[PDB]
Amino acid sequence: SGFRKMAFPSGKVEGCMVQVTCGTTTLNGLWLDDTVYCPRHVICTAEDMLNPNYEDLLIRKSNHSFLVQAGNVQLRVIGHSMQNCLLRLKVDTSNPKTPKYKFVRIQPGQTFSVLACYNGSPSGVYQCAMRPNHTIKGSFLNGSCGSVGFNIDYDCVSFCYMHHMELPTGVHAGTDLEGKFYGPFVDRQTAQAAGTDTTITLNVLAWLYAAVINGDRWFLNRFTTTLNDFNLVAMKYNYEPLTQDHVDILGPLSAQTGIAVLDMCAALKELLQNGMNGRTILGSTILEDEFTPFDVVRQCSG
C-alpha cells in the first residue's frame, strides 16, 4: 500500500565513500577492497577542463599526487591507472566495509539509488532512473562528483553509475563503474546537448499497474489497443516506443491485477490524450515513469 519513490538502503555504499583530492580538486570516490574509483577529471586543472588530455594530464601525476581520504584518515594511494573516464587508485588498506559488489552498466529506463556525496561524505540518497537520453534527472551540486549510482540485490551492491557532469539542461551525466559514460558525453566542459528525452513507457505502465495493485482503478477503460496503435499515440506524446519485450516484462504485473498489458496501454493512451481530468493517480498529477516494473513488483507484492 502507499507508493514512494523508494531508494535502496545506502548503508553499504556509504562505507565505500571517500574523498579523493588531486591538486586543488576534490570529489568523491568509491573504495572497494584496495581500490578507489573516481572521475578521472579530478586530475583536471581548472583551465584544463576546456579540452583536457587525460593520458597526458595523468602521466604527469603520481601515486602521491592523489589525496584519498577515508573519513578523516588519509588513505595511502600506492598505484593508479585510468580506465576510460575513471581513475582506479590502488591503496594500501582494504576497506573492511566493502560490501559484496558487482559493477553493472544499466540500461536506459532502469532505476537505481544515488548516494549524493560531498567530500567523500554521504549527504543524501534518492532513487532515480537512467533517463532515456542517458542523463539522470537528479539533485547534484558542485562537489557531488564521484557520487555513485547503485542497486542492491539482497546484499550484493550493483554499482551502475558514477557522477561526472551537469548538462546545461539541468540534468546530470555520469559513467558506469568502468568509466564509460552513459549517453554521448565526455569528460570535457564543451557544449553537450542532453539528448532528446522521452518518457519511459515501460515504467509508466509499471506505475499504473502499481496504482491498480494498490486499489486505484479509475484510469482503466474497456478500450484496448494494438501495440502499434498505442505507440502511434505514445510517440506523439513523446513516450519511448513500447516493444513486445516491454509487455513481456509487464507480464507478472499483468497477471497480478489481471489486466492485459495492451489494455493498460489502452488506459495509458486515454490518459495521455484526455489528461488526468486534474485527478490524480497514486498521488501524482502526472504519469510517473521512474519506477521500473521490477521496482513496482518489489514495492507492492511483499
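Residue indices: 1-based, along the sequence shown. In this text, rigid core is short for the largest set of C-alphas that superpose within 1.5 Å between two forms.
The stretch that moves more in 5 other deposited structures of this protein, judged by CA deviation after a rigid core superposition and choosing between 171-179 and 67-75, is 67-75.
After superposing on the rigid core, the larger RMS C-alpha deviation in 5 other deposited structures of this protein belongs to 188-196, the other candidate being whichever of 188-196 and 142-150 remains. As listed in the deposited structure, the average C-alpha B-factor of 288-296 and of 12-20 is greater for 288-296. A summary of the deposited B-factors shows that, of 89-97 and 171-179, the stretch with the larger mean C-alpha value is 89-97. You'll see in the entry that, of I213, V114, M165, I200, the Cα B factor peaks at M165. Among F185, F219, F140, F150, the highest C-alpha B-factor recorded in the PDB entry belongs to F140. Ranked within its chain, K61 lands in the middle third, by CA B factor from the PDB record. The entry lists a Cα temperature factor for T243 that places it in the lowest third of the chain's modelled residues. For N84, the recorded CA temperature factor ranks within the middle third of the chain's modelled residues.
Remark: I136 belongs to the middle third of its chain, ranked by C-alpha B-factor as recorded. The deposited CA B-factor of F103 belongs to the lowest third of values across its chain.
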